[PDB]
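Visitor: need a structure here:
(chains A and B, ligands or ions: 4)
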Amino acid sequence: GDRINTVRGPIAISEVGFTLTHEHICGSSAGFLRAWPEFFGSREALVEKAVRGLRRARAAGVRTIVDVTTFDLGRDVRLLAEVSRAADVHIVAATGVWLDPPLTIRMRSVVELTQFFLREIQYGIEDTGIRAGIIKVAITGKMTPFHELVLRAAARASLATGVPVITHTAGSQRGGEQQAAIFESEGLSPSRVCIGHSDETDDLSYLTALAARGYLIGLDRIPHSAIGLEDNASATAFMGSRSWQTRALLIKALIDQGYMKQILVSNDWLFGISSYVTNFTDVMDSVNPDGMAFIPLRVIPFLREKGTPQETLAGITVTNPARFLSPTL
Amino acid sequence: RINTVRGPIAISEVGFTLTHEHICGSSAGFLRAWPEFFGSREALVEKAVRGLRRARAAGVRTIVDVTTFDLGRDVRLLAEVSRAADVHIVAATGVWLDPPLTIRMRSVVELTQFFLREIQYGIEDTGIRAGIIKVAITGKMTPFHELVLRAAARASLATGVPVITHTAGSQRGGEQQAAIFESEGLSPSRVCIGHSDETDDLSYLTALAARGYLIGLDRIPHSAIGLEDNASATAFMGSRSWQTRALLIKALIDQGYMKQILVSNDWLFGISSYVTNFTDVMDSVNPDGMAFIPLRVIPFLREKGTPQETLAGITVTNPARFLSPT
Ligand SMILES: [Zn+2]
Ligand SMILES: [Zn+2]
Ligand SMILES: [Zn+2]
Ligand SMILES: [Zn+2]
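Guide: Numbering: from 1, shown residues only, chains lettered A, B, ... in the order given. Ligands and ions are numbered 1, 2, ... in the order given. Pasting the structure now:
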């Protein structure tokens, strides 16, 4: 398809490289970083931590991350740009709606939210001219009317622009079938959609049937595991009780079923978070000191060790994300 | 002195004050992310500047914009329209009815620190300091509401800046708030129980005034009527007449509590936190905007025999005593 918009401008598909398809520099809420930077120690400290972390990912071979932080999760596109330039890693920014829409979003019609996603894709985010490269939607629980409205607006925005849609499916309730029904009712191609956090379930029948329809399957919280931290209830709620190897083996399972082309792999990492319990980044850092480099440093060799061909792993980490991100009407 | 979005001003410069107003009701960062929702940022500024100049021409010198972070306070917007309209604007910290998860997850200690940052250091990177703390409860009080009230009390006690509350729903919700504030050691004279004109339970208001609370009779033009085929109106507006609300002002004066009264419109010039184009419904019902209090309510009170000195006390002296950090 087309070139891809990043927070440093449009880049050629050939320059995307090894891509982490679901990441965050900072998880918060709109305007939060600007209003209370000292929550993160300082804006400067957060920038330093993110740049260091992204450089380590880069040394490990990562060339692009997709930051799927929305307006309501506190996307600060100036932060993303500063960090992208200093780490020299491409960052694709997002539009869409996560789990915490304010009333200003919850009161909107499907037409109005389609207009908001389009502005962020076609014109730019705020007054920056930086255009979103991906539409993020999030649902948890059983779907609400508002969730359906958001999915329809995302589908309509994707159809008008070619940019893909990524979903947050929480927590293991296997919501992809419910989401796909709505996407398809709007005429959206499954090839434009990633059903994210699919690694939260071990239901391979569910995963395979979505893959077979041409959905991308986001196996993208691989390092998250609270095993060993059972005394911390907040760790278990956020990271789950399944090992990173259990998650990673789903990648190999879908490969072995013939669906290598449908797999997107990431960490769903963060360098700062205020949307949850205080200091939770410290708990994450203790589980996975590799941060975003976890995928290339730990998961790729694990999968090779289990017999996955290197070409297959390159197709999953380079070719699939390029095919996914490249705008395609 | 009192902090405004243009810096500190002397108490004597505050003048006729509207103590509960909004330039724009939205959510944090919404104006910067979606200005076209309001036509443009420029269009909102022009509408707000004209409306503040109307209020100024009717005698208003200061408004207190009680928009918090989560209601979309944009202090650069406030500074721009304050400067262009030559109307002082006092900005707010606190928490309204739509806190994001980043606020809902915080401890009482953390929320106290946030409010203190906005009062003592400044809002965002602007150096503009909040001059009032807003808290909002709708319905029956929750654990999170109680936490915000205590953080507000503590921020008030550390800075001397007053607390304004949004009451709505459950009966006599000012009593719940008062009990919490008093448990923290906050003087009632630092607290305005807002939207008190939404009730006709005069004994409830007199009792709070008697304890030394300020009584915010501040939704007077939202009385509405004539919009029965507009459900969004009646739920946000109300089903009473503005004169009946205004009569509450005279009733508290007659009971001896003129010094406890604060009067305002609770107006705004743009809103995205409710139904689209709700601003049009508002502007159709009250085309005076923030000038409604000086153009309609003050004459009304005068006709009912309220003396000039009493009206000056309510509109100039009470807000100055309330806002001056103590
Ligand atoms: Zn997610
Ligand atoms: Zn995520
Ligand atoms: Zn209110
Ligand atoms: Zn208000």
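Visitor: C-alpha from now on. contacts and neighbour counts both.
Guide: Fine.
Visitor: my read: residue A:36 touches residue B:122, true?
Guide: No - the criterion here is C-alpha atoms under 8 Å, and residue A:36 misses it with residue B:122 at 10.2 Å.
Visitor: When the two are compared, which one has more neighbours?
Guide: residue A:36 (20 against 17; other C-alpha atoms under 10 Å in any protein chain shown).
Visitor: Against chain B, how distant is that one?
Guide: 7 Å (C-alpha to the nearest C-alpha, to the nearest Å).
Visitor: Likewise for residue A:273?
Guide: To chain B, residue A:273 is 9 Å away according to C-alpha to the nearest C-alpha.
Visitor: The spatially most distant residue from the centre of chain A sits in which helix or strand?
Guide: Going by C-alpha atoms, centre = their mean, the residue of chain A most distant from its centre is residue A:231, 28.3 Å out. When elements are assigned from DSSP states H and E, residue A:231 belongs to no helix and no strand.
Visitor: For it, what are phi and psi?
Guide: phi -80, psi -10 (degrees, to the nearest 10).
Visitor: residues from the stretch 51-200 of chain A in reach of chain B?
Guide: A:71, A:100-105, A:107-108, A:116, A:125-127 (C-alpha under 8 Å from any C-alpha of the partner chain).
Visitor: hmm, try it at 7 Å
Guide: A:100, A:102-104, A:107, A:116, A:125-126 (C-alpha under 7 Å from any C-alpha of the partner chain).
Visitor: Which ones among the residues you listed map onto helices?
Guide: Secondary structure defined by DSSP state H assigns A:103-104, A:116 of those to helices.
Visitor: what's the closest of those residues to chain B?
Guide: residue A:104 (4.4 Å; C-alpha to the nearest C-alpha).
Visitor: I'd guessed that closest one sits against residue B:27; true?
Guide: Yes - Residue A:104 sits in contact with residue B:27 when judged by C-alpha atoms under 7 Å, with a separation of 6.3 Å.
Visitor: got a list of what residue A:71 touches?
Guide: Neighbour list for residue A:71: A:30, A:95, A:97 [criterion: C-alpha atoms under 7 Å, 6 or more residues apart in numbering or on different chains].
Visitor: Would you point out which residue is most central in chain A?
Guide: Geometric middle of chain A (C-alpha atoms, centre = their mean) lands on residue A:22, at 2.3 Å.
Visitor: For my notes, confirm residue A:284 occurs in a helix.
Guide: Yes - when DSSP: H, G, I helix; E, B strand; the rest coil is applied, residue A:284 is found to be in a helix.
Visitor: residues contacting it?
Guide: Under the criterion of C-alpha under 7 Å, 6+ apart, residue A:284 has no neighbours.
Visitor: for the one 4 residues further on, same thing?
Guide: By C-alpha under 7 Å, 6+ apart, the contact set of residue A:288 is residue A:223.
Visitor: What are the contacting residues of stretch A:90-110?
Guide: For stretch A:90-110, the external contacting residues (C-alpha under 7 Å, 6+ apart) are A:5-7, A:63-73, A:84, A:117, A:120, A:132-139, A:149-150, A:152-153, B:26-27, B:98, B:100-101, B:272-275.
Visitor: likewise stretch A:263-281?
Guide: Identification of contacts with stretch A:263-281 by C-alpha under 7 Å, 6+ apart yields A:20-29, A:40, A:46, A:49-50, A:216-223, A:291-292, A:295, A:316, A:320-321, B:101-102, B:105.
Visitor: Any idea how far apart the tips of it sit?
Guide: Distance between the two ends of stretch A:263-281: 27 Å, counting by C-alpha to C-alpha, to the nearest Å.
Visitor: now that stretch, how far from the chain's geometric center?
Guide: Counting by C-alpha atoms, centre = their mean, to the nearest Å, stretch A:263-281 is centred 11 Å from the centre of its parent chain.
Visitor: Nearest spatial neighbour of residue A:285, chain-adjacent residues omitted?
Guide: Nearest residue to residue A:285 in three dimensions, chain neighbours excluded: residue A:291, at 6.9 Å (C-alpha to C-alpha, 6 or more residues apart in numbering or on different chains).
Visitor: isn't residue A:235 right up against residue A:225?
Guide: No - Residue A:235 lies out of contact with residue A:225 (C-alpha under 7 Å); the separation is 8.1 Å.
Visitor: Hmm, residue A:165 is touching residue A:191, no?
Guide: No - taking contacts as C-alpha under 7 Å, residue A:165 lies outside contact range of residue A:191: 9.5 Å.
Visitor: give me the residue from the stretch 151-300 of chain A nearest chain B.
Guide: Counting by C-alpha to the nearest C-alpha, the stretch 151-300 of chain A gets nearest chain B through residue A:275, at 4.4 Å.
Visitor: That residue should be in a strand, yeah?
Guide: No - checked against three-state DSSP, residue A:275 lies outside a strand; its state is coil.
Visitor: Give me the contacts around stretch A:220-235.
Guide: With C-alpha under 7 Å, 6+ apart, stretch A:220-235 has contacts from A:22, A:196-197, A:199, A:236, A:239-244, A:247-248, A:265-268, A:288, A:294.
Visitor: Over to stretch A:9-20?
Guide: A:3-5, A:61-66, A:130, A:265-266, A:317-318, A:321-322, A:326.
Visitor: Using PDB, write out every CA atom in stretch A:99-110.
Guide: What follows is stretch A:99-110, C-alpha atoms only, in PDB (Å, rounded to 0.1, in the frame of the first residue of the first chain):
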ATOM      1  CA  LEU A  99     -11.100   2.000  28.000                       C
ATOM      2  CA  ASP A 100     -11.500   5.400  29.600                       C
ATOM      3  CA  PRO A 101     -13.400   7.800  27.300                       C
ATOM      4  CA  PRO A 102     -14.400  11.100  29.000                       C
ATOM      5  CA  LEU A 103     -18.100  12.300  28.600                       C
ATOM      6  CA  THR A 104     -16.900  14.400  25.700                       C
ATOM      7  CA  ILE A 105     -16.300  11.200  23.700                       C
ATOM      8  CA  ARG A 106     -19.100   9.000  25.300                       C
ATOM      9  CA  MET A 107     -21.800  11.500  24.300                       C
ATOM     10  CA  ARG A 108     -20.800  11.500  20.600                       C
ATOM     11  CA  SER A 109     -22.500   9.900  17.600                       C
ATOM     12  CA  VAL A 110     -21.000   7.400  15.300                       C
END
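Visitor: Contacts only, for residue A:327.
Guide: By C-alpha under 7 Å, 6+ apart, residue A:327 lies in contact with A:1-2, A:162-163.
Visitor: before we move on, what SS does it have?
Guide: coil.
Visitor: which ones are touching the residue nearest to the centre of chain A?
Guide: Contacts of residue A:22 by C-alpha under 7 Å, 6+ apart are A:66-68, A:220, A:266-268.
Visitor: hmm, 8 Å instead?
Guide: A:65-68, A:220, A:265-269 (C-alpha atoms under 8 Å, 6 or more residues apart in numbering or on different chains).
Visitor: same thing with residue A:51?
Guide: A:83-84, A:86-87.
Visitor: Dump those residues to JSON lines, plus secondary structure.
Guide: Below are the contacts of residue A:51 laid out as JSON lines (three-state DSSP):
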{"residue": "A:83", "secondary structure": "helix"}
{"residue": "A:84", "secondary structure": "helix"}
{"residue": "A:86", "secondary structure": "helix"}
{"residue": "A:87", "secondary structure": "helix"}
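Visitor: Could you look up the SS state of residue A:91?
Guide: strand.
Visitor: can you check residue A:180 too?
Guide: When classified by three-state DSSP, residue A:180 comes out as helix.
Visitor: In space, what's closest to it - neighbours in sequence excluded?
Guide: residue A:190 (7.6 Å).
Visitor: The one you found and residue A:211 touch, don't they?
Guide: No - Residue A:190 is beyond contact range of residue A:211, at 9.2 Å (criterion: C-alpha under 8 Å).
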